[PDB]
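S.K.: Got a structure here, written out as structure tokens. Questions coming.
Coordinate-derived values only; no laboratory data. Cβ atoms come from the backbone with ideal geometry, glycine included; neighbour counts cover every protein chain shown.
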Amino acid sequence: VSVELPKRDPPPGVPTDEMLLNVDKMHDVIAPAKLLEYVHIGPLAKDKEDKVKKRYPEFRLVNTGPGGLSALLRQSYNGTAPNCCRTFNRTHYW
Amino acid sequence: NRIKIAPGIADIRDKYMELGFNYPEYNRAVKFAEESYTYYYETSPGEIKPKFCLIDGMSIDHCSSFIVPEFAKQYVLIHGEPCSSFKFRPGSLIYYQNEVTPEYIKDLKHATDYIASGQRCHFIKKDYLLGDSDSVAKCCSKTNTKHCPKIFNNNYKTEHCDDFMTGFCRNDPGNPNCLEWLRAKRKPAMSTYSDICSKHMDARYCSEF
């Protein structure tokens, strides 16, 4: 059909910092996140999406970009009085 | 047949694909653009817009191959405007002038075998992105602030470094960075140093505290 197809391969990809982010290791970046603030956690599959939703019930996953690129948006502080009113050092607990 | 590609009057990255079939009115051209530059600036204020049309079903990595790695360390890739690209010419932004338009492309039965839909590359500058506890330690302790977001590198004007510094300053309370963290006069800093000085009240940093 017609003539030979003029194919040209795309340039090799060079991943950036945003795409090389693992949500599992980002527990020290997401915990101090303030309200109304985006914490980009890189690409995310659906299973890891449910796991992250369970792990951070105070946050929301916003699909910022394609390929699973997601961000965490703080919504509320769910800590209770007995757990962080009896201390001044503690800011968050697991 | 007789497929040809040729640069136009505009930038060399923009080209015309001339197609000539048996039908006289199929001897037309399609204006497209493919990227061959590495960006070190911004096309528009606060964003980078490469002419690479990322089609659905391919790695997003290929979208970022046209940016300097040292310049994209504080850029996030977001959803862009819809576009269409040749399946055999991946990442070819096909512009829509005159008869060319996505609905026309979808209408043609043969074009669906050679054109794949997707979105145009888009980047937004936000800040440097941290990814693990070691980078947070480097940024908050101010040992290496080479690539640190303003939230974690603002001389302890915000509550972001409180959790790390709580332990880092128990390790070394006389540190100028720990003392500067205490000058912020927030409750975690003062409670940490109250605990530190309840054991080492005979040390100089307790005088400053």
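S.K.: Loop only per DSSP, at most 13 neighbouring Cβ atoms within 10 Å: give me the GluC sites (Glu not before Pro) in segment B:32-117, ordered by residue number. Mind dumping the intermediate values first?
M.R.: Numbers: sites: B:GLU34, B:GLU35, B:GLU42, B:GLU47, B:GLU70, B:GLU99, B:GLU103; in loops: B:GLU34, B:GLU35, B:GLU42, B:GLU70, B:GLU99.
Those that pass, being in a loop and sparsely packed, are B:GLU70, B:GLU99.
S.K.: Continuing with the same structure: What does the structure give for B:126-136 when I average, per residue, the other chain Cβ atoms found within 10 Å of the residue Cβ? Walk me through the numbers on the way to the answer.
M.R.: Working: counts 5, 2, 1, 12, 9, 13, 8, 5, 2, 5, 6.
For peptide B:126-136, the averaged partner shielding equals 6.
S.K.: Give the distance, in whole Å, between the Cα centre of segment B:172-189 and the Cα centre of segment B:8-44.
M.R.: When both Cα centres are located, 59 Å separates them.
S.K.: Using packing as a proxy for protection, rank A:88-94, B:54-60 so that the peptide with the highest average count of other Cβ atoms within 10 Å comes first.
M.R.: Values: A:88-94: 13.6, B:54-60: 17.3.
With the highest mean Cβ count within 10 Å placed first, the list reads B:54-60, A:88-94.
S.K.: What is the mean number of Cβ atoms from other protein chains located within 10 Å of the Cβ atom of each residue in peptide A:35-44, rounded to a whole number? Write down the numbers at each step before the final one.
M.R.: On the way: counts 0, 0, 2, 3, 3, 7, 2, 3, 1, 0.
Mean number of neighbouring Cβ atoms from other chains: 2.
S.K.: While we're on this one: Which whole-Hz ³J(HN,Hα) couplings does segment B:20-28 yield from phi under the Karplus relation 6.51 cos²θ - 1.76 cosθ + 1.60, θ = phi - 60°, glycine and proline marked x?
M.R.: x, 9, 5, 5, x, 7, 7, 7, 10
S.K.: Right, something else. GluC sites (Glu not before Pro) within chain A: which are DSSP loop residues with at most 14 other Cβ atoms inside 10 Å?
M.R.: Values: sites: A:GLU4, A:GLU18, A:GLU37, A:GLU49, A:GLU58; in loops: A:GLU4, A:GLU18, A:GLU37, A:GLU58.
In loop regions of chain A (DSSP not H, G, I, E or B), the sparsely surrounded GluC sites (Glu not before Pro) are A:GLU4, A:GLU37.
S.K.: Mind telling me which of B:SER141, B:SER64, B:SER84 comes out most flexible in a GNM of chain B, alpha-carbon contacts under 10 Å?
M.R.: Maximum fluctuation in the GNM of chain B, among the listed residues, is at B:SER141.
S.K.: Find the centroid of the Cα atoms in segment B:115-139 and in segment A:15-55, then give the distance between the two in whole Å.
M.R.: So the separation of the two Cα centres works out to 11 Å.
S.K.: Positive end of the charge dipole of chain B (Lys, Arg +1 and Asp, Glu -1 on Cβ, about the Cα centre): tell me which of B:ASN98, B:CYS178, B:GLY118 has its Cα farthest that way.
M.R.: Of the listed residues, the answer is B:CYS178.
S.K.: Put +1 on the Cβ of every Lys and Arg and -1 on every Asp and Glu Cβ in segment B:1-61; which of B:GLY57, B:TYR23, B:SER36 then has its Cα farthest towards the positive end of the dipole?
M.R.: B:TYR23
S.K.: If you filter segment A:1-59 for trypsin sites (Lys or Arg not before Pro), then keep DSSP loop positions with at most 14 other Cβ within 10 Å, what is left? Show your work: numbers first, answer last.
M.R.: Values: sites: A:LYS7, A:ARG8, A:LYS25, A:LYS34, A:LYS46, A:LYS48, A:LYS51, A:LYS53, A:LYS54, A:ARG55; in loops: A:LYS7, A:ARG8, A:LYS34.
Of the trypsin sites (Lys or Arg not before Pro), the ones in loops of segment A:1-59 whose Cβ has at most 14 other Cβ atoms within 10 Å are A:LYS7, A:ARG8, A:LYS34.
S.K.: Magnitude of the Cβ-charge dipole of the protein assembly as shown, K/R +1 and D/E -1, about the Cα centre, nearest 20 debye?
M.R.: Values: 42 positive and 38 negative charges, 125 e Å.
In total the dipole reaches around 600 debye.
S.K.: Relative contact order of chain B: what whole-number percent is it, with Cα pairs under 8 angstrom and at least 6 residues apart? List each step's numbers first, then the result.
M.R.: Values: 315 pairs, mean separation 30.3, N = 209.
About 14 percent, as a whole number.
S.K.: To continue, here is another question. From the helices alone, meaning DSSP H stretches of at least four residues, give me the mean residue ellipticity at 222 nm for chain A, per-run term -39500 (n - 2.57), in deg cm²/dmol to the nearest 500.
M.R.: On the way: 3 runs with 18 residues, N = 94.
-4500 deg cm²/dmol, from helical runs alone.
S.K.: Build a GNM of chain B with springs between Cα atoms under 10 Å: which of B:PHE66, B:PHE164, B:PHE86 gets the top mean-square fluctuation?
M.R.: Greatest mean-square fluctuation among the candidates belongs to B:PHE164.
S.K.: Just counting partner chain Cβ atoms within 10 Å, what average do the residues of peptide B:88-100 show around their Cβ? Provide the component values of the computation, followed by the final result.
M.R.: Working: counts 5, 6, 5, 3, 2, 0, 0, 0, 0, 0, 0, 0, 0.
The shielding value for this peptide is 2.
S.K.: Between B:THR38 and B:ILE9, what is the label-to-label distance in nm when each label sits 7 Å out along the Cα-to-Cβ direction?
M.R.: According to this spin-label approximation, the distance is 3.3 nm.
S.K.: Using helices alone, what [θ] at 222 nm do you get for chain B, with -39,500 (n - 2.57) per DSSP H run of 4 or more residues, divided over all residues and rounded to the nearest 500? Present the calculation step by step, with values, prior to reporting the outcome.
M.R.: Working: 6 runs with 48 residues, N = 209.
One gets -6000 deg cm²/dmol as the mean residue ellipticity at 222 nm.
S.K.: Within 10 Å of each residue's Cβ, count the other Cβ atoms and sort B:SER194, A:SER70 from fewest upward. Working shown, then result.
M.R.: Working: B:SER194 13, A:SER70 22.
Exposure proxy ranking, most exposed first: B:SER194, A:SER70.
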